[PDB]
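Tertiary structure, described
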Amino acid sequence: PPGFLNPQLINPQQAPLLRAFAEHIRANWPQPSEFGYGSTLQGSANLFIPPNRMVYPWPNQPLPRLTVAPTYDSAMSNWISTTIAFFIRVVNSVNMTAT
Amino acid sequence: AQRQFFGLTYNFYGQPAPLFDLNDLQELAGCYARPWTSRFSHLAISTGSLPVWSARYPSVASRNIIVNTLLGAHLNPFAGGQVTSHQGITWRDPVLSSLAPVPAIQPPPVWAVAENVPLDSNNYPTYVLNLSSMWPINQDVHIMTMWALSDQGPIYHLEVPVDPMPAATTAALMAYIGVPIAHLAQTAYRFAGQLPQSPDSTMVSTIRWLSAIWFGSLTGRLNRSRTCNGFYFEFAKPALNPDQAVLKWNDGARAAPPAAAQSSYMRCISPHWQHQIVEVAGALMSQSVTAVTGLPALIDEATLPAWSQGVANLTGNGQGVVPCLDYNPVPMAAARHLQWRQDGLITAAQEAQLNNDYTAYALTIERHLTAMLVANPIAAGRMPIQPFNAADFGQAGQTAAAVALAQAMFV
Amino acid sequence: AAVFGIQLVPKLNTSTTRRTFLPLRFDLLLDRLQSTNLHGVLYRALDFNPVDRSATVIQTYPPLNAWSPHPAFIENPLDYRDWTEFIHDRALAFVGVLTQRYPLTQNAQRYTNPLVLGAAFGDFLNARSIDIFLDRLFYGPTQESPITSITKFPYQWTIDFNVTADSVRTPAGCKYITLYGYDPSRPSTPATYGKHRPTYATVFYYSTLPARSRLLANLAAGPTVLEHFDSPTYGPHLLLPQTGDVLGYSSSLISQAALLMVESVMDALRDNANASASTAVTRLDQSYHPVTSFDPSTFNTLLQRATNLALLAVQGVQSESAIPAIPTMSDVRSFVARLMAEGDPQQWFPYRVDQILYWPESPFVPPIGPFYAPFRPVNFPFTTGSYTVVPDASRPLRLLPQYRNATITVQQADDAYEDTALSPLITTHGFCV
Amino acid sequence: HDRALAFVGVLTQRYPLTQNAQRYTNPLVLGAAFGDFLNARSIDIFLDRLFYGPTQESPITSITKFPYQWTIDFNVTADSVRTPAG
Amino acid sequence: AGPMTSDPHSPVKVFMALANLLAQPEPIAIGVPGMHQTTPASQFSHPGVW
Amino acid sequence: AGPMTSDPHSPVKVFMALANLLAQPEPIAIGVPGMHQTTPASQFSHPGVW
Amino acid sequence: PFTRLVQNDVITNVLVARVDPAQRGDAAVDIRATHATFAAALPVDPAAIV
């Protein structure tokens, strides 16, 4: 849909939620990242990706040093929080209140 | 890794065109296969097993020489930034994966022939952008340049640090004990050829030491009596076939490290190298190191052919210039034998005998090559062997300086 | 003298001397943080409305601009009045920690490592412990660089600060902060180029060229990497932009990398437009330069076009019209729109992957690094010289004809007129008597 | 003011100005396309036929080149066009 | 029931106990590396980890 | 299988067959009085109705 | 490569060819007409993912 490509086409006063939803998606969808694997000494069988490298739909980090623990700044956690926040806004919208 | 290289195409010996046959191309680089690591596919342990004695490619170096000439006609992108065609053949793709006849619909521009063309990586940006896959070109271009720069033997570089060998190299060498030089050269070529590597890698240091040890033993300074950390090379008897050497490790007294880091460039001054496997293997092995680490310094122009005078990024005459030495195998052999007698490995009677045998052996090589040249005159359009004159077999070159360097290199 | 939709004057101008970097003394740092008012010292409001007591976009300064806010802050911004209160609290508290260790009278002369200071401060107001950093707050500038001082400890210091034997990785700080009530759709709002998002990019500092090569090999598969060659602030470093896009700046003609380029180009143009011989500057060439995943052969995307212009801008070119000191969204949109217009790309200087060519006649002076090299275009039309800008006119202008020796036949005159004229036209009479 | 600006951006994303300033807009097509736009209905079908050469035909005959139901509120035959009055 | 015990580490343990439940909305800094606000409060039994 | 047959009208029939399937998405004016884009393609079996 | 919301960069097909199109004279043809295509999809369930 053209609005999905450019949220500015959606007039706020006509479709408030949908414009917000489009902006939420375009802003918080995760960012692909990359990491290496294998050994350059042995070569690699990658065809399109440069050899000994792998692509990854989410952002990634090197392995942590000390003990792990739940965190709240990862991309996925951010995606979860914003998504929930949006739907809460939806539930409180006038459309639900009438019914 | 190493994101840049410089190169120089071959020289035409008065001939108007690059000296190779279509059959040579179809033979040595055809089949739509990748030509970028084939230099060892047609080498073996010794001349006895190879078809170097007759017909086309009738010399040890012949195939590699032809390869270098072949590349000189197709490396235009590193000179003019564009892929071109020559005699109806060109690269299949911008990655220069392989060669093929030109398409009929949109042929690329025809290459304008020239010689001794300087080459820069920066002229062809797609190379760096695809460095991970186009890496093998770096090695071969370097090798071609190292040969093109000199008449007679190719040029290669030597160096020895002030530190002892690291343990990694020690362990690595202890696994290559009984290996002949030819097999060792393949591994070095294989290593640096197929994927980018950093100069701070164990193999790089390992091969660097090998070239040093080979030369030190070649000069006869390194022997069963005196060794580098226990290692040294052993040469076959001149009475049968001296063109062979293998690695050895021994109880002998270990040579002390030099007072200061030593390094220089080397080449064989006499045509014998064209048909002598230890020279070819040694050069290729040593050149492999410079391929991955680049040239440490500009080469001295003082003793090079005319076309090599003042080549950008390659040769110089200023302060930051490393001298290049050269030698003739026969005087070198005499020096090696003399060192053996002084070390007490042999008697004076044997030393005289060894000189007679080696001289007789070398004579056959000269006799074979000189007859081979008239069988393949360079005016025929292809150069299977580099041209030379009869007097070239008699040059002593800088041999005295060479052994002096080894004297200072392994104290 | 035009590139796509961008118009350029024929005169070249740029500054002629680079200001050297100097690290911040320990005492001076405390003075900045202890300033009775931090507005204009640590941050500046680009958007203050004096009728209210409110602003909406804030620009940060070195001690603070290294911060990357935790998302809980981002998803629920506070207002200006809370902001000024929040900062003054954190600044004083951070001073107390810095002074509880390292008493001033024994440490005033020492130089702080800017990288360590930025990371440490950023974690602090993120409510994250900073003890690991305090051990390495200082360095001896005469003996090493702020980078090499850190590479003495090659391991993952913390989850957002990882240092190898030759390089350091850390998220890029936010140069702008948007307060409550921010709205990109409002065309008059100041532009931020997306730098307000906490994780718009990532920087990799490196100590030596082989390390640079090593880093690039890893990044080759991702988005386009950018770098400054002239003067890389605290030290040589790549930066990897976020692979997404930013809303509101155009008709979706944009990815994050393009935004970094285009705004960098604008700064380069602005500096050329007002550089002077009597004034040193931190950097002559403000342009970024792509080093990965790039096409030198095509010019049908913004990133390509911006690069093609940047290669020319370094020579010291100026735009025919001035560009604002604090551009708004509308200003950026106009710039992008012109850049994407139909037209020829300049081809005086070819792109090269990691080396930049400069015209010897240009006022530009290369640095010592190998990244620059002189070059000779065949038919370059520009000349050195300054050019001032005239304010706009409230009245339509009048001119008086003056002729060359050339002349044109009537038919050519007519047909040239008939396709450029507003042949049917709407007019007003006015009053005669 | 919002819709007008948005409509301009669409009209300029296609048909860059410097190549099209001289062309004449068909008023009928322009009215229909704009009306659908602020009714939050797609207008792509109209953009292909925004212009016409007044010296060669009328704004009507320029449309009758495509005699079929363009959209549910804009129906054109080989000789006539039907649409609700604005 | 905090003060009734003789454990010197009782106060910090009591403090951390609530801190675990509020790790999501209200974050605070933990000095020694390798310990997080969600670490079981009973482990804070060393003067150097307050 | 068009060109294999010997019917001279085969090319037109092949063309119309697709035209029938695209009546809705790609309507066009068939300038032949008495025919329509939805006329069964196999019936276009004469010159002058091309 | 993982593309993200870039309409022009959506990868529609992954292709492989067993023969050289230049021999067939297909040098100027659509790539899809000359190379085989992979086609495999797995219908996962959102509920388990959540």
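Residues numbered from 1 in each chain as written, not as in the entry; some residues may be left out. Chains lettered and ligands numbered in written order. Part of a larger assembly, values for the part shown. Heavy atoms only, no water.

As recorded in the entry header, the structure was determined using cryo-EM to a resolution of 3.27 Å.

As annotated in the PDB entry, chain E is Major inner capsid protein VP3 from Golden shiner reovirus. The title given to this entry in the Protein Data Bank is "Golden Shiner Reovirus Core Tropical Vertex".

If you look chain B up in the PDB entry, it shows as Clamp protein VP6 from Golden shiner reovirus. Heading Function of the UniProt record for chain B holds this comment: "Located at the interface of the incomplete T=13 outer capsid and the pseudo T=2 inner capsid, 120 VP6 subunits clamp and stabilizes the inner capsid shell." The UniProt entry for chain B carries the following comment under Subcellular location: "Virion". (UniProt positions renumbered as here; feature names shortened; annotations may be inferred.)

What follows covers the overall build of chain E. A tally of regular secondary structure across chain E gives 1 helix and 0 strands. By the compact-globule yardstick of 10 Å for 50 residues, chain E fits well, its C-alpha radius of gyration being 11 Å. Its C-alpha atoms give chain E principal-axis dimensions of about 30 × 20 × 15 Å. Within chain E, the proportion of its 50 residues that are buried is 26%. Within chain E, residue pairs in contact and separated by at least 24 positions form 38% of the contacts whose partners lie at least 6 positions apart. When the accessible surface of chain E is split by element, carbon and sulfur atoms take 69% of a total near 3400 Å². (Helix = DSSP H or I, 4+ residues; strand = E, 2+ residues; numbered from the N terminus. Rg over C-alpha atoms; globule rule 2.2 N^0.38 Å. Buried < 20%, exposed > 50% of the residue type's maximum accessible area, 1.4 Å probe, protein only. Contact = heavy atoms within 4.5 Å. Areas by Shrake-Rupley, 256 points an atom, 1.4 Å probe, with all protein chains shown as cover.)

Quick look at the interface of chain C and chain A now. The interface of chain C with chain A comprises 22 residues on the first partner and 20 residues on the second. Approximately 1800 Å² of surface area, both sides summed, lies buried where chain C meets chain A, with 45% of it carried by carbon and sulfur atoms. Summed over the shared surface of chain C and chain A, the result is 2 salt bridges. The closest approach of N and O atoms between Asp73 of chain A and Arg128 of chain C, which form a salt bridge, is 3.9 Å. (Buried area = accessible area lost by both parts, 1.4 Å probe. Salt bridge = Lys/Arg side-chain N within 4 Å of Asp/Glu carboxyl O.)

Ranked by contact count, the leading pair among the 11 pairs of chains in contact consists of chains A and C. Nothing in chain D touches chain E; the tightest C-alpha to C-alpha distance between them is still 39 Å.

Looking along a regular strand, one sees side chains alternate from face to face of the sheet. Residues and elements named next belong to chain C. Among the 6 residues that make up strand 12 (residues 201–206), 6 are buried, leaving the element largely enclosed by the rest of the structure. Side chains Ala201, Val203 and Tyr205 project from strand 12 onto one buried face, and the interleaved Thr202, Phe204 and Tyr206 project onto a second face that is buried too. For strand 10 (residues 167–171) and strand 12, the ladder comprises 5 bridges, and the chain directions are antiparallel. Directly across from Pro171, in strand 12, lies its bridge partner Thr202. Bridge analysis of strand 12 against strand 14 (residues 237–241) gives 5 bridges, and the strand direction is antiparallel. Opposite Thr202, over in strand 14, you have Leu240 as the bridge partner. (Pairing = 2+ DSSP bridges.)

Within the element layout of this structure, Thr12 of chain G appears in the segment before strand 1 (15–16). Among the polar contacts listed, one links the side chain of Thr12 of chain G to the side chain of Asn13 of chain G, at a separation of 2.3 Å. (Polar contact = N/O pair within 3.5 Å; in protein donor to acceptor, adjacent residues only side chain to side chain.)

On to the pattern of salt bridges, then. Taken as a whole and judged by the stated rule, the model has 35 salt bridges over all chains. A salt bridge links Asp21 of chain B to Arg56 of chain B; its shortest N-O distance comes to 3.2 Å. With a gap of 35 residues between them, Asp21 of chain B in the loop between strand 1 (6–8) and helix 1 (22–28) and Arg56 of chain B in the loop between helix 1 and helix 2 (62–72) connect regions that are remote in the sequence. Residue classification places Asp21 of chain B among the partly exposed positions, given a relative accessible area of 23%. The exposure class assigned to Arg56 of chain B is partly exposed, which follows from its relative accessible area of 34%. Ionic pairing is found between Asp73 of chain D and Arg41 of chain D, a salt bridge with its closest N-O pair at 3.0 Å. Remark: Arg41 of chain D occurs in the loop between helix 2 (27–38) and helix 3 (44–47) and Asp73 of chain D occurs in the loop between strand 1 (69–71) and strand 2 (74–76); sequence separation between them is 32 residues.

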